[PDB]
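Asks: Let's see this in three dimensions:
(chains A and B)
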Amino acid sequence: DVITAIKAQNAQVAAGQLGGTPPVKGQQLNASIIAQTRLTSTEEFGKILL
Amino acid sequence: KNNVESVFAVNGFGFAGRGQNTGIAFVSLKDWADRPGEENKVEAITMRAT
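Replies: Residues are numbered from 1 along each chain as shown, chains lettered A, B, ... in the order given. Have a look at this structure:
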């Protein structure tokens, strides 16, 4: 279990972008989206939700 | 018009990054011949442009 808990709760996903490689009509405002980040200290993991 | 033979222009090729933000335009002039006076030379055509 713990192992999966780790993988899920400690990961580095890649969400696309609000800009839009191939965009629409005519839009301004292009940006990234940011999702799960790898964790970073004893304290983060150990809060991983079992 | 009597120098610029063509401009090849691409957006997404910046020189310090990419992304919708920057782009860069390569321009091909007409033969050194059809480009007589200093005024019609590169170290001159860019001056105007810039």
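Asks: For residue A:40, give its distance to residue A:47.
Replies: Taking Cβ to Cβ, to the nearest Å as the criterion, residue A:40 is separated from residue A:47 by 12 Å. Placement of C-beta: from N, CA and C, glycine included.
Asks: again with residue B:40
Replies: Going from residue B:40 to residue A:47 by Cβ to Cβ gives 70 Å.
Asks: Please identify which of those two sits among more neighbours.
Replies: The neighbour count for residue B:40 versus residue A:47, taken as other Cβ atoms under 10 Å in any protein chain shown, is higher for residue B:40 (15 against 9).
Asks: Quick check on the closest residue to that one other than its chain neighbours: phi, psi?
Replies: Closest residue to residue B:40 apart from its sequence neighbours, by Cβ to Cβ, 6 or more residues apart in numbering or on different chains: residue B:3 at 5.8 Å. Main-chain dihedrals, residue B:3, degrees, to the nearest 10: phi -150, psi -50.
Asks: Report whether the expected contact of residue B:3 with residue B:29 is present.
Replies: Yes. Residue B:3 is in contact with residue B:29 according to Cβ atoms under 8 Å; the separation is 4.8 Å.
Asks: Now do the shared contacts for the two.
Replies: Residues touching both residue B:3 and residue B:29 by Cβ atoms under 8 Å, 6 or more residues apart in numbering or on different chains: B:35, B:45.
Asks: What residues does the residue nearest to residue B:40 make contact with?
Replies: B:29, B:30, B:34, B:35, B:40, B:45.
Asks: quick one: which of those sit in helices?
Replies: Among the contacts of residue B:3, the members falling in helices (DSSP state H) are residue B:45.
Asks: Return the residues of chain A in contact with chain B.
Replies: Residues of chain A lying close to chain B (Cβ under 8 Å from any Cβ of the partner chain) are A:19, A:23, A:30.
Asks: can you pick the most crowded of those?
Replies: Highest neighbour count within the residues of chain A next to chain B, by other Cβ under 10 Å: residue A:19, with 16 neighbours.
Asks: how much space between residue B:7 and residue B:17?
Replies: Residue B:7 sits 22 Å away from residue B:17, going by Cβ to Cβ.
Asks: With adjacent residues omitted, what lies nearest to the residue nearest the centre of chain A?
Replies: What sits nearest the mean C-alpha location of chain A, by Cα atoms, centre = their mean, is residue A:35, with 2.0 Å. Spatial nearest neighbour of residue A:35, excluding adjacent residues (Cβ to Cβ, 6+ apart): residue A:13 at 4.1 Å.
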